[PDB]
Amino acid sequence: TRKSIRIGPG
Amino acid sequence: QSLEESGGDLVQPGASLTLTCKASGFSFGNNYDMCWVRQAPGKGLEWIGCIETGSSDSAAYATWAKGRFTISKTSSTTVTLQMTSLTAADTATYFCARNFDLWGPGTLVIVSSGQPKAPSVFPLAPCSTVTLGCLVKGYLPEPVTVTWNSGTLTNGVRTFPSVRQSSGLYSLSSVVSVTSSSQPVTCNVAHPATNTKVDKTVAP
Amino acid sequence: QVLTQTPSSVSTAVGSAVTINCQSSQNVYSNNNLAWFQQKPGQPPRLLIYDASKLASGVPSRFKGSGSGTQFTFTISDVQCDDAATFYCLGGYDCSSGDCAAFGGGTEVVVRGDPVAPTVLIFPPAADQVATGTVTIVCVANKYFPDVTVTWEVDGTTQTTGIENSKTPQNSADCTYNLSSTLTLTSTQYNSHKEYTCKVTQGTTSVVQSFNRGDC
Ligand SMILES: [Ca+2]
Ligand SMILES: [Ca+2]
Ligand SMILES: [Ca+2]
């Protein structure tokens, strides 16, 4: 369920 | 809502080391991507990896790092990074970041077979205001921090970046522009990698 | 995943606009997982733009990014001294087809402001120096722009070895530099000359400070 990296607000 | 990294130090080649990332003002019970990023002196940002918190828990890494380093949530306000088989290529400052949005100031790692050496401090003084300073020299490895009057003096302070002398040891200088009061001032030179701290009082 | 950032550096004046470019070997995740950072020396990076063109909160509108898929650009409008820094793009990728992220290689931005001329100070060796075998003399150039040049002179002669230079980052208010120069000599050579001079030149104009060993 991690598809990439989170950058900035969710 | 902040972050701080600790655990950096000088280590021999092939050694092992764990860095910790501490959270303040919030906890890792919520949903974040907690990641580490390192930057070798004078170089660009390099991504090491991530650990998700809250409602999912994926560990992911850069190809180079995969299998050799680990990242984990060790409590609700600590995320660690563990390194192994260290070499010169791993010397760097290491940042942990939350969503690449919130960042810590960084912790530093030197991998080398060299041995530490505390600095010698000498006062810098001219032959209605005055510029006096402190020359710090022959120390190894980095870093070193200088303050004036234990954090009292802040304006007029110019601390230069260190330069590795031809001797193989480091050196830098710090100057401050000061009038009559205050008043005969003291430089505070702390060198973590040798646990020393030297003060030097200078005057016209 | 390789993010290619160009140029590696650029000088540009105050009041100008400036453009940085990022090109990716594969499409970034969802065609837009792409971001822009500023980092000054000794600080951690700072988020300016994410999702290719959203301003992070508190970040001024003169920062502007755009693009899609594999090609992205970053423009700073109305440049000022506070902008002098190094900038990076960050790419976010499909974790299943390769690596999750790649940083661009960085662009160093130098801002050109009003020309200001240097003052120079010279510091003769502290007394406990010469008993160590090696001696260091410090020369300092303050609050100038643009870059200067430094020559060391020992009794009219010019030095070629033992010199070391070091520069502060650009002032965020007036774009100015600060430099420390140091000349290192073994105790024999120092105690074998009298006059010691530091020449800071900026174009055709110089400032020269000197001292004599005995005089101090
Ligand atoms: Ca992985
Ligand atoms: Ca280039
Ligand atoms: Ca990278």
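Key figures
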quantity: Considering residues of the stretch C:86-109 that are assigned to a loop (DSSP other than H, G, I, E, B) and more than 16 Å from ligand 2 (Cβ to nearest atom) only, the residue farthest from the other protein chains (Cβ to nearest Cβ); calculated: C:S97
quantity: Top-ranked residue in the stretch B:66-94 [being aliphatic (A, V, I, L, M) and within 20 Å of C:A101 (Cβ to Cβ); ranked as surrounded by the fewest Cβ atoms within 10 Å (Cβ to Cβ)]; calculated: B:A89
quantity: Matching entry among B:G44, B:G29, B:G25, B:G49 (being outside the structural domain of B:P141 (by CATH) and out of contact with any strand residue (DSSP E or B) (no Cβ under 8 Å at 6 or more places or on another chain)); calculated: B:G29
quantity: Filter pass, B:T63 being surrounded by fewer than 18 Cβ atoms within 10 Å (Cβ to Cβ), away from every other protein chain (no Cβ under 11 Å) and of a type outside the set (K, R); calculated: no
quantity: Among (1) within 16 Å of ligand 3 (Cβ to nearest atom); (2) more than 22 Å from B:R38 (Cβ to Cβ) - the single one C:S24 does not satisfy; calculated: (2)
quantity: Conditions (1) part of a loop (DSSP other than H, G, I, E, B); (2) within 11 Å of another protein chain (Cβ to nearest Cβ); (3) under 20 Å from the mean Cα position of the chain (by Cα); number of the one not met by B:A15; calculated: (2)
quantity: Residue check, C:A173 crowded, with 20+ Cβ neighbours inside 10 Å and not polar (S, T, N, Q); calculated: no
quantity: Residues that are part of a strand (DSSP E or B) and either touching an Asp or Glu at 6+ places or on another chain (Cβ under 6 Å) or under 30 Å from B:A23 (Cβ atoms) (or both), drawn from the stretch B:134-151; calculated: B:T145, B:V146, B:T147
quantity: The stretch B:28-45 - residue that is within 16 Å of ligand 1 (Cβ to nearest atom) and under 17 Å from the mean Cα position of the chain (by Cα) and, of those, nearest to the other protein chains (Cβ to nearest Cβ); calculated: B:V37
quantity: Filter result for the condition that a residue is at negative phi and not in a strand (DSSP E or B), over B:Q183, B:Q115; calculated: B:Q115
quantity: Filter result for B:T131 (in contact with a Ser or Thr (Cβ under 6 Å, 6 or more places away or on another chain), of a type in the set (S, T, N, Q) and part of a strand (DSSP E or B)); calculated: yes
quantity: Pairs where the first residue, in the stretch C:76-102, is of a type in the set (G, A, S) and the second is part of a loop (DSSP other than H, G, I, E, B) and within 16 Å of ligand 2 (Cβ to nearest atom), C-beta under 7 Å, 6+ apart; calculated: C:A102/C:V2
quantity: Every pair of residues 6+ apart whose Cβ atoms lie under 6 Å, when the first sits in the stretch C:27-50 and is more than 17 Å from C:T86 (Cα to Cα) while the second is acidic (D, E); calculated: C:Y29/C:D94; C:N32/C:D51
quantity: Residue identified as assigned to a loop (DSSP other than H, G, I, E, B), more than 18 Å from C:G113 (Cβ to Cβ) and within 16 Å of ligand 3 (Cβ to nearest atom) among C:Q1, C:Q43; calculated: C:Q1
quantity: Residue within the stretch C:22-33 that is surrounded by 20 or more Cβ atoms within 10 Å (Cβ to Cβ), outside the structural domain of C:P169 (by CATH), of a type in the set (A, V, I, L, M, F, W, C) and more than 16 Å from ligand 2 (Cβ to nearest atom) present; calculated: yes
quantity: Top-ranked residue of the stretch C:147-170 - restricted to ones that are more than 14 Å from every other protein chain (Cβ to nearest Cβ) and of a type in the set (D, E, K, R), ranked as surrounded by the most Cβ atoms within 10 Å (Cβ to Cβ); calculated: C:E153
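Okay, residues lined up against (1) over 24 Å from the mean Cα position of the chain (by Cα); (2) within 15 Å of C:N21 (Cβ to Cβ); (3) not assigned by CATH to the domain that holds C:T19:
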| site | (1), (2), (3) |
| --- | --- |
| C:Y50 | yes, no, no |
| C:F72 | yes, yes, no |
| C:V79 | no, no, no |
| C:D82 | no, no, no |
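A quick note on method: Cβ atoms are made from the backbone with ideal geometry, for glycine too, and the neighbour counts reach across all protein chains shown. Numbers and lists here come from the model and the stated rules, or from a named source; no laboratory read-out is quoted.
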